[PDB]
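The chain below stands alone and is given as structure tokens, in the form deposited in one PDB entry.
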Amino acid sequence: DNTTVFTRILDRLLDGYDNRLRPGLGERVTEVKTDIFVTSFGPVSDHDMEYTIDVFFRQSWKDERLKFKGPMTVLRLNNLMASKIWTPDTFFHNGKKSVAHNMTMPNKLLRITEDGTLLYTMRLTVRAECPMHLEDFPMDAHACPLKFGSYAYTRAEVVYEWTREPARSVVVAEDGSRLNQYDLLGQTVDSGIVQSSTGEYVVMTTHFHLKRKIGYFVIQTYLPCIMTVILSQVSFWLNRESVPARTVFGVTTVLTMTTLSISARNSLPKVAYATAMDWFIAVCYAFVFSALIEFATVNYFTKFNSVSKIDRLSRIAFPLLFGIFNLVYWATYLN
């Protein structure tokens, strides 16, 4: 028939083909050329120290057993052909759980050119590990990696390369940014050798540089803490004799600053060190407690009844020391 010509080409290609053996198993090294098209950089989970990334992982390699001569130079075939030829066993070193999509058909590609050059594209959703150091939180930047390489074939068997220049071999789409908390500054690739128990392997690294935005935490943490400190210092402008009024400033500011301290350190996972936000909370929590101690000292010295020199000193000393702390802290951590 009209389509039997390609049928006999495929049946001649697969006749006597051993897919258990890589091309040049005993003669040379199977070089595999790789590039990544990031269709969407998904959300970064702070709690699990991971990130999600959607790709068009492409691999290309030379196989001399898939040479053909026909009327068509490139055989654009489906996914069923890729299970009958040798394909490299590329896995992600720092992945946790990634899905190769197969709706509605398996999201794969296979194009066999006439010189034997192959191309094998896949749709993946990699949940890789991003080890984080939350010491400058929330004003911190990250270098979340994506390391991939072969699983069974060592450095002497299968090597990996980038098919274009390394600056252009990982492309992120323009609409593809599902980051809401961070922003993507750029990509960074590298190639190296990893040593393991079984042998030495070629590993290819892609570093995605992230930077957190503080907009949320300057509305759900920093500004309520500043307003709690300010409202704890408006109790210095009152009457000395109003004991329950200044008492209820002291207790309500201490309780709400405690509640803010609980509903802040809880956002992220449980780390042993202290973030910059915890230092801001601790200094604020010291300021409000000092205001309470100031009222307690004034009330131990009340008995007409003159205003207090402690109140007149604390009307000036407390806000200027809070401003000095803010101008130190923000200039230290933003720079």
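Heads up: residue numbers just count along the shown sequence, starting at 1. If you superpose the two forms and keep the largest set of C-alpha atoms that fall within 1.5 Å, you have the rigid core.
- Going from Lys303 to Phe304, the model skips 10 or more deposited residues, which lack coordinates.
Only in words, not in the display: the form deposited in another entry, which the text now covers.
- Core-superposed comparison between this form and the one not shown: CA of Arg12 displaced by less than 2 Å.
- After superposition on the rigid core, the Cα atom of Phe249 is displaced by 2 Å or more between this form and the one not shown.
- Shown in the overlay between this form and the one not shown, fitted on the rigid core, is a CA shift at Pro269 of 2 Å or greater.
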